[PDB]
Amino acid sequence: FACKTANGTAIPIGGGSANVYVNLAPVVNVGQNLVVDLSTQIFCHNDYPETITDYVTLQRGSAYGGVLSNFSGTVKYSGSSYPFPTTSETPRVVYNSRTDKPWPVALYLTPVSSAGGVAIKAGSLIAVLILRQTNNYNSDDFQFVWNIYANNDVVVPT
């Protein structure tokens, strides 16, 4: 089991960490969502699907910088929605193929009432998503840490 980004960089077998940049709508109002869909960027695969089944959860989703101070959010993981920042590890998603399959995570962020002006700075860290991978074969229990960075400024109109 390993993952890579479209970008792309990779996190190899046994886990590790990688930085991911995302494009964000440059203007968002109170009551609207920024949607940060990571499933078009992060892809994982199972290295031995004929004998091993891999299980992948979102272990934890944390907010930083302008996202932590100026937005409230939810995360959608494999068809279900949860608060973001997260309050517990999600149910698992099965990886059973050597063919890259997207990691099905998307953040929906909406500005809080105090937001105004530049609410997210270009190049700043906005979130960390931890992918946890286990299997039905041995004791492997690995973290894939995705540090999510803003590509561009996001302004909440005043």
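For clarity, a rigid core is taken as the largest C-alpha set superposing within 1.5 Å between two forms. Position 1 is the first residue in the sequence shown; the rest follow in order.
Trainee: Which stretch is more displaced from the shown form in 6 other deposited structures of this protein, 1 to 9 or 147 to 155, with RMS over structures and residues of Cα positions after a rigid core fit?
Mentor: Clearly, after the core fit, the stretch farther away in 6 other deposited structures of this protein is 1 to 9.
Trainee: Where do the C-alpha atoms have the higher mean temperature factor in this entry, in 64 to 72 or in 46 to 54?
Mentor: Comparing 64 to 72 with 46 to 54, the higher mean C-alpha B-factor belongs to 46 to 54.
Trainee: Would you tell me which stretch averages the higher CA B-factor in the PDB entry, 127 to 135 or 22 to 30?
Mentor: On average, C-alpha B-factors are higher across 22 to 30.
Trainee: State the tercile, meaning the lowest, middle or highest third, of residue 113 with respect to the CA B-factors recorded for its chain.
Mentor: Highest third of the chain for residue 113's C-alpha B-factor.
Trainee: Taking the entry's C-alpha B-factors for this chain, is residue 90 in the lowest, middle or highest third?
Mentor: For residue 90, the deposited C-alpha B-factor lands in the lowest third.
Trainee: Thinking about Cα B factors across the chain, which third does residue 150 belong to?
Mentor: Answer is lowest: the recorded C-alpha B-factor places it there.
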